[PDB]
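Each remark here refers to the structure printed beneath this line.
Both backbone and side-chain heavy atoms feed into the values below; hydrogens, waters and symmetry mates do not. Chain naming here is simple, since letters A, B, ... match the order of the sequence lines and numbering starts at 1 in each.
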Amino acid sequence: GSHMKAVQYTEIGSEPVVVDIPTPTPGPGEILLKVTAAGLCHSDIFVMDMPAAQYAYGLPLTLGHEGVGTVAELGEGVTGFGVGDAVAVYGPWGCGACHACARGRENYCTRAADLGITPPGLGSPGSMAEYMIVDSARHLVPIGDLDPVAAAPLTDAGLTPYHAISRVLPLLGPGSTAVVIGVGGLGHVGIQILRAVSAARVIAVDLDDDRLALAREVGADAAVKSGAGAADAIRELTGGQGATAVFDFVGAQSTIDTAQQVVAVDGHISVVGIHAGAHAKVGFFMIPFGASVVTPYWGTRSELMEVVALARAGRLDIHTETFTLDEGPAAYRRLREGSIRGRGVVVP
Amino acid sequence: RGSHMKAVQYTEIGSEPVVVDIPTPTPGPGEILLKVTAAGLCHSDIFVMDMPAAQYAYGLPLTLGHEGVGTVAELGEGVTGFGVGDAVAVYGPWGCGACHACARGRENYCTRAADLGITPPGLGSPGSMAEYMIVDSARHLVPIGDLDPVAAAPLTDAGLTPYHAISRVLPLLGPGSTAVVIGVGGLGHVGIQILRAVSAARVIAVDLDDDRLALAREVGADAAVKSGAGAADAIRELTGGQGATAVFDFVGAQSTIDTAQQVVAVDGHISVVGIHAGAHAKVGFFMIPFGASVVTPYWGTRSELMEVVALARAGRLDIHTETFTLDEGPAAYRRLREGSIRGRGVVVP
Amino acid sequence: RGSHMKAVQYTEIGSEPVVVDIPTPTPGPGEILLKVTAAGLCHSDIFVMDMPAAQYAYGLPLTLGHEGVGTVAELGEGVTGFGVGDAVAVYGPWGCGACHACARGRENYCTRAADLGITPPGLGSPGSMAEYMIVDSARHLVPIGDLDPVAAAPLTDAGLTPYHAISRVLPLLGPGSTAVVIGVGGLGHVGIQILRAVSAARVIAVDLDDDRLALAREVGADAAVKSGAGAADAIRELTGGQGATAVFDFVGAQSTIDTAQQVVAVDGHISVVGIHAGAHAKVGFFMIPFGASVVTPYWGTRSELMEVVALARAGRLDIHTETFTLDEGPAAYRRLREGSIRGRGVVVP
Amino acid sequence: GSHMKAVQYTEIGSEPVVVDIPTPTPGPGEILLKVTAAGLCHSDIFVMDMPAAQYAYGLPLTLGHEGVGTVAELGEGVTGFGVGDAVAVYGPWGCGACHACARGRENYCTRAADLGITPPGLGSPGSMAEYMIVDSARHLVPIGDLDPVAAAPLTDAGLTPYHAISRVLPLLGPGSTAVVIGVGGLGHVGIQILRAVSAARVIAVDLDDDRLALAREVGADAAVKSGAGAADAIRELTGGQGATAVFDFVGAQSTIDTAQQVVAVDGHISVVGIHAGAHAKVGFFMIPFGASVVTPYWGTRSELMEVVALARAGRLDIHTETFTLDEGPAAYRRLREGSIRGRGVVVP
Ligand SMILES: CC(C)(C)[Si](C)(C)OCCC[n+]1cccc(C(N)=O)c1
Ligand SMILES: CC(C)(C)[Si](C)(C)OCCC[n+]1cccc(C(N)=O)c1
Ligand SMILES: CC(C)(C)[Si](C)(C)OCCC[n+]1cccc(C(N)=O)c1
Ligand SMILES: CC(C)(C)[Si](C)(C)OCCC[n+]1cccc(C(N)=O)c1
Ligand code: NA
Ligand code: NA
Ligand SMILES: [Zn+2]
Ligand SMILES: [Zn+2]
Ligand SMILES: [Zn+2]
Ligand SMILES: [Zn+2]
Ligand SMILES: [Zn+2]
Ligand SMILES: [Zn+2]
Ligand SMILES: [Zn+2]
Ligand SMILES: [Zn+2]
């Protein structure tokens with residue numbers, strides 16, 4: 001087909017729409033995928049909530065930064081993959097040539113911004129379409145016979161918490177404690193990751209009673225209600241020592257404040273969730289000595305392969321609700337209203 | 001038949017239509033009285049009732065309904081051609097019948113109707129939204145046979161108007177041509193079906209709403225893109241940069257007209273069918289491609305209305321309908337104003 | 001045909017239904033897969049979805065739609081009696097098929113369904129509001145021939161339920177008898193048409209709206225009176241104090257039941273068809289005439305559904321319908337909640 | 001067992017023989033029964049005395065339309081019974097989808113003939129074999145711990161008179177009179193049914209004093225010898241008012257004439273027995289006003305359940321003579337010469 005359906009953001013402040021666009025063809029080094037699953041998440045809502053005042057360029061944009069597909073056509077010179085191979089799309093594309101990229105950490109590429117290299121669905125054409133172009137073979141990760149619908153959330157919902165945890169994994173030995181604030185999406189996956197790759201005690205923190213109960217099912221050793229009393233309740237559980245690491249998947253100022261009140265000396269706070277303007281306050285006597293704080297970004301290539309390995313070993317379970325490509329906009333409406341249980345996945 | 005009838009009338013400016021109790025008309029010589037079987041309502045009725053009172057000169061009261069269908073009730077003196085009970089659709093844009101335009105069949109472009117005060121039913125003359133109505137002459141009736149009156153009523157406007165616009169330039173729409181339809185509401189929805197039935201042109205739809213884009217594909221649009229600033233680029237993306245032989249703008253907003261001028265092909269056509277007061281195409285050198293003609297078409301001809309009925313009876317035209325009673329008349333208009341009707345509302349006595 | 005299909009499901013207690021993408025079912029041995037052509041909605045769907053969470057056991061997720069019509073898409077192993085393409089309506093109140101009541105055709109009164117967990121489609125089993133549905137057995141399909149599926153769907157409930165209630169005492173409704181119909185909404189006005197088609201009983205209608213009384217007269221009611229404290233006297237005025245042979249209360253409120261007991265004749269009948277939680281007739285000496293039986297009937301039998309279909313195909317039954325798409329499902333149920341639908345809403349995949 | 005013994009009618013004009021045939025296997029929706037009792041009735045002889053032109057049940061034919069057994073194997077998708085359940089077979093199979101079938105009256109199915117649906121032992125394989133197939137679960141009726149030998153006659157010898165009586169049961173109130181002509185196979189059960197489901201007086205009519213004596217034991221209030229004097233005798237026993245209902249299980253022209261001579265105004269005559277060419281003459285002044293006549297056929301499924309309920313309550317006592325499967329053909333010779341006391345039953 002000379003044209004294909006794509007879920008696109010086409011004007012500021014509007015809803016995504018299913019529109020017909022030319023079917024792309026892979027240039028030298030590129031790979032054309034037939035999309036099999038395209039995950040959606042609140043990051044898409046955040047991008048689509050950006051005001052017009054800040055807008056400079058990017059429209060129209062094919063959505064979808066959580067992409068899985070089968071190789072449909074290989075660009076000239078591409079080897080290492082064959083037509084039909086099931087692959088997940090590595091999201092945070094880098095230049096491949098800087099020191100950070102050479103070390104595998106393309107998500108921290110120091111040249112991507114200058115070169116205008118943007119992730120699919122966030123500046124480059126995304127995966128919510130019948131077909132999609134991938135710029136380079138090194139951004140394809142094989143998934144074998146893993147269900148594409150289960151693999152799609154792993155590209156973001158699994159990779160991002162896995163990276164945040166991986167940054168300080170050597171600290172999470174037996175006797176350590178990891179606090180997870182927000183146990184619904186990324187945090188639910190984070191708890192499973194923590195139980196698979198460490199022996200740390202896991203304390204779940206959330207506003208909803210039901211989410212906390214589900215957090216215990218996937219390995220959380222204790223549960224705490226988010227809010228003003230959370231810090232004291234957490235210290236009650238850890239004794240007077242505090243938490244080795246706090247992974248804040250909410251990112252609100254109140255949750256960041258709680259993290260600073262419970263993190264242990266020489267600990268770590270990871271601000272994964274995004275709330276505009278919210279920030280940790282790292283200064284003497286405002287945070288324990290040696291407690292580092294960071295805003296991590298997505299994850300590395302090898303980390304995505306490790307997430308796929310966890311999923312294929314049965315250590316990662318992410319509940320998904322499926323939609324057709326025609327229902328792309330409907331799925332985003334459901335996402336806004338909070339009626340999606342699990343992670344939405346578009347299946348073209 | 002009784003001596004009084006229910007009717008829905010615009011009775012005073014700025015007010016909503018109301019059900020009333022008026023006498024049953026009687027057919028004079030050459031006239032025909034019909035038992036209305038379906039009376040379609042349309043946003044054009046809304047446009048008329050939105051007329052500011054400062055513009056008002058005369059007209060009220062006015063039985064609404066310019067999309068009329070019914071069965072012959074009583075033949076006026078000397079009226080041959082139809083027998084009582086014959087199912088007929090009412091041709092809307094009444095003309096004088098004697099000028100050059102009328103003699104060619106194009107009564108919608110009659111050059112004397114304005115001077116003579118000849119007005120269409122429901123838009124100056126007693127409309128179809130009543131138990132009976134008067135049709136001035138036999139030539140303003142089109143037989144429909146066993147066609148469902150509810151299916152026929154919307155096609156007197158939602159079918160005839162796009163059909164005429166398309167017919168004006170149909171010879172240009174051969175195989176290999178591309179026709180763009182902006183606005184996939186009632187008019188554009190049927191316009192796409194017409195294009196597929198009477199031509200081999202590729203149809204590309206444009207609309208604001210995702211569900212209307214999906215509707216366009218269902219009824220034969222090969223492709224559909226969202227209206228707005230990027231609409232012209234998205235169309236030329238699908239055509240390989242060539243541009244459309246014809247653009248039928250059933251919205252008529254200035255932004256949609258702008259899009260049409262940016263995608264129409266050299267020696268093409270733009271048809272401004274939808275009305276937005278003040279919106280206009282700007283036909284000038286280097287502001288529109290060479291040879292691309294622009295027009296604002298008006299309703300359609302009688303022979304075209306017959307062709308629309310033949311298309312409908314062959315199963316080539318479909319429009320979603322919502323049936324109401326006369327007492328629900330005003331309620332249907334409020335539903336129309338709030339934009340909750342998909343397709344066309346139709347009042348069934 | 002597609003490995004996945006669209007459906008409208010009730011997924012959370014207190015939450016509106018949503019469109020979902022779920023696997024296309026495959027018919028097992030003895031089952032039949034239908035391509036749905038129409039799926040009706042009615043107030044009973046709201047009653048179910050309004051149930052509090054405290055009383056929730058295991059029903060979710062539930063594909064809604066207990067008024068199903070479609071065409072046979074695939075026959076399960078060993079199924080005979082229908083061919084691919086046959087138009088059929090779905091019999092709602094599924095039973096075990098093996099008890100005495102089932103062997104008599106009265107599956108709606110099966111004495112084993114509750115113990116065995118046999119639930120109707122859309123009320124425990126996957127309903128008809130989807131592109132495809134499974135029917136457990138060929139004995140729950142009723143051929144409809146060329147009957148319009150949109151007209152057939154509401155009659156699986158709105159026709160069958162009054163038809164059964166009337167059929168329970170049809171021998172009493174001979175010439176000279178009087179049948180009172182309370183509530184001329186969906187079920188009641190179909191009930192009026194049934195009474196006129198299958199009996200010579202004089203029909204008196206009772207309703208609140210003045211508009212409903214006129215409609216009752218149009219569809220066959222010989223007389224109509226206003227519901228309220230004066231309805232009992234008004235009815236007895238028309239019957240001369242003899243009382244009404246049968247009273248079919250399609251409202252089911254306590255006040256309407258009280259009026260029923262006040263007008264029902266000696267040796268007559270009251271049928272409490274409408275549901276109002278807690279409302280009940282009081283059957284005791286000198287609180288109701290001697291010999292006047294009272295019952296709360298439930299849906300109808302399979303042979304009765306066959307007879308309802310035969311009445312519809314003979315043009316004796318008519319219910320106003322309003323069609324929606326599967327994507328419009330949730331919006332249609334909202335329309336029903338606010339009481340904006342006249343007649344019955346029908347979802348057409 | 002790959003094969004099984006069966007009593008089959010293999011050629012026109014010959015006696016049934018015990019032959020070996022493949023053991024059937026149940027298809028989807030079917031049930032395989034291990035037969036525990038198979039009854040013989042004169043209808044089998046009538047079928048076997050048909051000339052070549054009239055016979056339309058195909059050859060070979062496994063005989064036996066009075067079948068009872070235990071569920072041996074369930075066809076695909078058959079729920080409702082378990083292996084080992086004792087069940088009686090409903091004989092007059094119908095389409096299950098016509099108006100008559102939907103009302104439970106499968107015996108009066110209007111499409112069975114056009115569709116080739118025939119009863120077991122009368123077009124379909126019968127019960128006089130080690131195993132038999134039943135087309136559908138709805139044609140099985142549980143019997144509990146009822147003795148299969150006593151249960152087999154209930155499927156025809158009980159069901160058929162029960163249906164004939166049920167057609168006009170509302171007429172047989174206290175003060176009514178029911179005349180039973182032929183108190184052998186079916187009339188013996190008819191007398192017991194009448195006493196169980198009605199208060200009508202029962203007058204027995206038969207040729208043999210032996211048969212009349214038994215009729216009086218099972219509830220017949222009076223006995224009359226069949227012949228030209230029966231009509232006068234019956235009216236003498238009822239003054240001159242007549243019999244509300246006459247159930248003629250002989251079906252001969254002479255007995256039908258006796259029925260028409262004794263039936264009451266607005267009464268009923270049921271011609272249950274079959275004698276080719278015999279017929280009632282329903283015309284003005286040839287029969288009392290309002291006296292309806294009918295030839296009933298077998299019975300409905302709900303009536304079979306009611307017959308089973310009567311037997312399990314001790315209300316039906318069927319006189320049986322048991323035979324082995326190898327004795328099958330011999331039993332039919334016994335039935336031919338009228339040397340069987342009551343009902344013959346083969347027990348495989
Ligand atoms: C939140 C960002 C500003 C980085 Si955004 C809208 C460009 O995320 C898209 C990349 C997916 N994802 C989702 C949530 C969190 C993160 C993370 N903490 O890296 C990444
Ligand atoms: C208010 C309108 C300007 C649309 Si009026 C009063 C000309 O519509 C009545 C005739 C029906 N119809 C509807 C839409 C468009 C046209 C057309 N392009 O002719 C005609
Ligand atoms: C079992 C349910 C709780 C869903 Si009920 C009783 C609201 O109806 C479902 C069956 C449809 N219908 C609608 C109205 C009345 C009746 C009736 N009188 O049988 C039946
Ligand atoms: C009905 C048939 C003509 C095929 Si006959 C009599 C050979 O047997 C089949 C059913 C067996 N049975 C025996 C006795 C009486 C009756 C009855 N009155 O129905 C039925
Ligand atoms: Na536009
Ligand atoms: Na009342
Ligand atoms: Zn994401
Ligand atoms: Zn780099
Ligand atoms: Zn119009
Ligand atoms: Zn003119
Ligand atoms: Zn219903
Ligand atoms: Zn049952
Ligand atoms: Zn027999
Ligand atoms: Zn049948």
Side-chain angles (χ1 to χ4, degrees), chain D residues 39-50 66 153 156-165 167-168 177-194 200 202-216 218-220 222-235 237 242-263 267-282 286-287 291-299 318-319 334-344:
Chain D
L40 309 78
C41 92
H42 292 264
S43 325
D44 299 333
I45 274 146
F46 185 93
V47 168
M48 275 180 293
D49 286 343
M50 280 179 166
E66 296 182 11
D156 192 357
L159 178 56
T160 288
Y162 189 89
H163 174 65
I165 292 155
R167 288 182 70 98
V168 294
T177 302
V179 166
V180 179
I181 291 161
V183 297
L186 270 56
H188 188 71
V189 193
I191 288 165
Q192 297 175 70
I193 290 162
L194 284 160
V202 185
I203 301 183
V205 181
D206 198 280
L207 288 159
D208 193 339
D209 308 278
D210 164 80
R211 263 153 154 62
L212 298 170
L214 283 318
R216 214 138 182 162
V218 296
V224 176
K225 218 134 190 283
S226 210
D232 286 318
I234 287 154
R235 301 208 82 108
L237 280 169
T244 313
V246 186
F247 301 97
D248 184 9
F249 298 103
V250 183
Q253 186 58 62
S254 68
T255 47
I256 292 176
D257 296 337
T258 301
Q260 291 190 227
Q261 266 162 264
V262 304
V263 70
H268 180 70
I269 296 167
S270 198
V271 181
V272 185
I274 184 157
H275 270 88
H279 62 274
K281 295 151 180 63
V282 183
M286 326 177 54
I287 195 172
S292 66
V293 188
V294 72
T295 67
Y297 177 50
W298 221 330
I318 313 272
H319 302 3
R334 288 277 312 287
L335 175 67
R336 242 176 215 292
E337 83 203 20
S339 147
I340 289 196
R341 44 144 283 184
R343 247 291 185 293

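- Looking at heavy atoms from C-beta onward, D:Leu40 lies out of side-chain contact with D:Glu66 at the 4.5 angstrom threshold.
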(request) Would you please test D:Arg341 and D:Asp210 for salt bridge (charged side-chain N to carboxylate O under 4.0 Å, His left out) and show each step? (result) CA-CA 10 Å; D:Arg341 44 144 283 184; D:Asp210 164 80; over 6 Å; no
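- The backbone N or O of D:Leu335 lies less than 3.5 Å from no partner atom in the side chain of D:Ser339, so there is not a single donor-acceptor pair.
- For D:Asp257 and D:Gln261, the side-chain atoms include no donor-acceptor pair closer than 3.5 Å.
- Looking only at side-chain heavy atoms (C-beta outward), D:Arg167 and D:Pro296 come within less than 4.5 Å of each other.
- D:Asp49 and D:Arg336 are joined by a salt bridge, as a carboxylate oxygen and a charged side-chain nitrogen come within less than 4.0 angstrom of each other.
- Of all heavy-atom pairs spanning D:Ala243 and D:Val179, the tightest one is CB-CG2, 3.5 Å.
- Taking CZ of D:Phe247 as the start and OG1 of D:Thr160 as the end, the distance is 13.0 Å to the nearest 0.5 Å.
- Nearest heavy atoms, D:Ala204 versus D:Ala215: CB-CB, 3.7 Å.
- A heavy-atom distance below 4.5 Å is not found between the side chains of D:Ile256 and D:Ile269.
- What you find for D:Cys41 and D:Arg343 is that their closest heavy atoms are CB-NH2, 3.1 Å.
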Decide yes or no on side-chain contact (heavy atoms from CB on, under 4.5 Å) for D:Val293 and D:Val263, but give the supporting numbers first.
CA-CA 10 Å; D:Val293 188; D:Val263 70; over 6 Å; no
Show your reasoning for whether side-chain contact (heavy atoms from CB on, under 4.5 Å) applies to D:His268 and D:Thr244. CA-CA 6 Å; D:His268 180 70; D:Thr244 313; over 6 Å; no
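- Closest heavy-atom contact between D:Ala222 and D:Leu237: CB-CD1, 3.8 Å.
- Side chain of D:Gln260 to main chain of D:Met286: a donor-acceptor pair is present (N/O by atom type, distance under 3.5 Å, no hydrogens or angles).
- Closest non-hydrogen pair, D:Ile193 versus D:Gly158, comes out as CD1-O, 3.7 Å.
- Atom-to-atom distance recorded for D:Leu186:CG and D:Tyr162:OH is 15.0 Å, nearest 0.5 angstrom.
- Listed by chain and residue number, D:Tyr108 satisfy the ring-ring contact (aromatic ring centres under 6.0 Å, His included) test with D:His163 (two or more places apart in sequence, or in another chain).
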Dump the intermediate steps for side-chain contact (heavy atoms from CB on, under 4.5 Å) on D:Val183 and D:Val205, then the final yes or no.
CA-CA 7 Å; D:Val183 297; D:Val205 181; over 6 Å; no
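- Atom CG of D:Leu214 is separated from atom CG of D:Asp208 by 9.5 Å, given to the nearest 0.5 angstrom.
- With values rounded to the nearest 0.5 angstrom, D:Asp248 atom CG is found 9.5 Å from D:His275 atom NE2.
- A distance of 11.0 Å separates CD1 of D:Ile287 from NZ of D:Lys281, quoted to the nearest 0.5 Å.
- Atom NE2 in D:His188 sits 7.0 Å away from atom CD1 in D:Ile318 (nearest 0.5 Å).
- Judged purely by distance below 3.5 Å, without hydrogens or angles, the side chains of D:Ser226 and D:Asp206 never pair a donor atom with an acceptor atom.
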| task | Apply side-chain contact (heavy atoms from CB on, under 4.5 Å) to D:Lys225 and D:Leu207, showing your working. | result | CA-CA 5 Å; D:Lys225 218 134 190 283; D:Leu207 288 159; 5.9 Å; no
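- Residues D:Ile181 and D:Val246 form a side-chain contact, since some pair of their non-hydrogen atoms from C-beta on lies under 4.5 Å apart.
- Residues D:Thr177 and D:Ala200 share a closest heavy-atom pair of N-CB, 4.5 Å.
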